[PDB]
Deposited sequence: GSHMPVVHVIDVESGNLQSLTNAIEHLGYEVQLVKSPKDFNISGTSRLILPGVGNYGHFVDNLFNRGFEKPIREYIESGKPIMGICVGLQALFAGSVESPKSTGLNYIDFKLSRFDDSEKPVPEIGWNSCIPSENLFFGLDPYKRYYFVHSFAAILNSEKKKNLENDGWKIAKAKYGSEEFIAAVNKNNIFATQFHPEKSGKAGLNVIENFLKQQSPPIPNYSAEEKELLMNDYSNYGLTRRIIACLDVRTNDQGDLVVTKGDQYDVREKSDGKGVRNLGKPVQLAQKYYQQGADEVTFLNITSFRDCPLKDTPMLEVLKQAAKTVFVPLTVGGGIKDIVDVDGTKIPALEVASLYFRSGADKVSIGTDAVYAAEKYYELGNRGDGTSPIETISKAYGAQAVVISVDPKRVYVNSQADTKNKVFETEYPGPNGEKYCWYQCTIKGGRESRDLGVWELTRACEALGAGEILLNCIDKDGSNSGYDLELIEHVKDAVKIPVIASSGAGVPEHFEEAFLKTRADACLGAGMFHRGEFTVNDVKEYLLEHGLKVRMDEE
């Protein structure tokens, strides 16, 4: 309470706050959560952090509803250090197009807009860099990567950058595709980042430490060889080749949690993080909702794993042990507050998509995809697709969209579509992958986890045509999954397809290769990867 520096963190009791708290404590500070304006006074606060997550309006409304506007302004007026993270940075602006009627602190007199999806996938999900500048601050290093996860940003042009310049603002810029936007801002005692430092590994922890210690250390003295290797070449729109490590979570005979048919999933996640994983996905496949074992795994993993965590399995409307009807939104909220950054929807995604087409290509606003994305944004919803190839002689043989394949079927069929399955692949549905992804994308999904039942655990590579087929269908990031066995497979997916990321389960779990082994190979072949 006074034996270490206290850091006040504003808590609107929504989203993942575990990572930020753990990151601050890991730096040797004590965290004091401020859920109400009554929980903190100006003179008794030396370090204030305004963490934001989800939909702009859902955050700003909640924040101002609690009466935080004046306290925040009075704190900023006191001249003491404040750090805004994600929506914490967006709140400094006039508002956002994500929530038209919502307002902002208006320190920067313009609104955040949506990235152009005509040239790249929106939301931006991945590791981007700050463009080299003379006015960088708090240790922001152009040769390092930070994690961005957003659809809206403060998009720049000459006029805006100049007004901000003359206004006394220091701007850390970043580019996604052909669009330049604000990655971070700094003026007097105000600091804010569009990226999540608590999710950016060591590079991220350094940014937090630099703010808490109020220092702008010089960037390491890199050689012309190191710079040329670490610089952003703007391949894959400026995002590094994202390597995702995934693990299954099952319950054995005794009731304990294991990854092979509650410390094992936790320790493996820590290992994956220590060995270079850009993301860790937990597939829950294992009792009251509050006491769910998977929630505790997230909590434990979130203590040392400073990269985004995804959880999938059973995210839908449920009937708890006591009979209480808990909507999918509340289930996802529980997982988020427990350490998860994104939730994966499989079975309920196929249902929602079928319903979508029956209603004449519209949603009724009740599906997990719709409610979760409206509260936490599209970047918080992942669709887990579990497809299988079905051959046909022509488009006339099915209502589902087909494509011409390079690999003829058993009877010489030159066309095929991919059929969706539910409940761990135990049941098929008369819905194609083309129809499923497009539907879910419309309902609000922000990313597609594209598995392939035929390639699952085969270590023979990814289903390249499937990847390209889905990339033709949607404008949201698509993750290549199922089939990864060797580093060459990742390279193949990244060069021969438009895959926005690569996921691996078996190969990492077998210790055959580590995430770093895959990264070393990609780096050796000229691809950009996160190395921290």
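Taking the first deposited residue as 1, the stretches without any C-alpha atom are 262-278, 304-307, 554-555.
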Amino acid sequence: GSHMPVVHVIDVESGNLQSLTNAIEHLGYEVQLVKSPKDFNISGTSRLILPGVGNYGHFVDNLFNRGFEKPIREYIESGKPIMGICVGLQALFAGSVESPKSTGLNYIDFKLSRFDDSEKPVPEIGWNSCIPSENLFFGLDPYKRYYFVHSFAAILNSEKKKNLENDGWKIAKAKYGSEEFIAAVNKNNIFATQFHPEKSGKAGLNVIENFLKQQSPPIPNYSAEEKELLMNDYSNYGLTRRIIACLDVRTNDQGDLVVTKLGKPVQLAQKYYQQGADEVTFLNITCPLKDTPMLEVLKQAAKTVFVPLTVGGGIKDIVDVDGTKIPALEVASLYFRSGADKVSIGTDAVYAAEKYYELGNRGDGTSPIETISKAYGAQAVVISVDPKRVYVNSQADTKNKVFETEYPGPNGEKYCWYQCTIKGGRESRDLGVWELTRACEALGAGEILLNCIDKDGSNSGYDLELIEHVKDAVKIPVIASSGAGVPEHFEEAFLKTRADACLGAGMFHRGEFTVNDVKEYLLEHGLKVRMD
From here on, numbers count along this sequence of modelled residues.
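Coverage remark for residue 423: present in the model in all other entries compared whose chains are built on both sides, leaving no third without it. Modelled in this chain, residue 173 is likewise resolved in all the other entries of the protein that span it on both sides, not missing from even a third of them.
The PDB entry reports B-factors from which the mean C-alpha value can be compared for 94-102 and 204-212; the larger average falls on 94-102. On average the C-alpha atoms of 391-399 have higher B-factors than those of the other stretch, with 179-187 and 391-399 being the two compared. When the Cα B-factors of 370, 330, 435, 279 are read from the PDB record, 330 comes out highest. Across 446, 346, 323, 197, the greatest Cα temperature factor reported in the deposited entry is at 323. Residue 66: CA B factor in the highest third of modelled residues in this chain (values from the PDB entry). Sorting the modelled residues of the chain by their CA temperature factor places residue 264 in the highest third. The deposited CA B-factor of residue 136 belongs to the highest third of values across its chain.
Remark: residue 29 belongs to the middle third of its chain, ranked by C-alpha B-factor as recorded. In the deposited entry, the Cα temperature factor of residue 124 places it in the lowest third of its chain's modelled residues.
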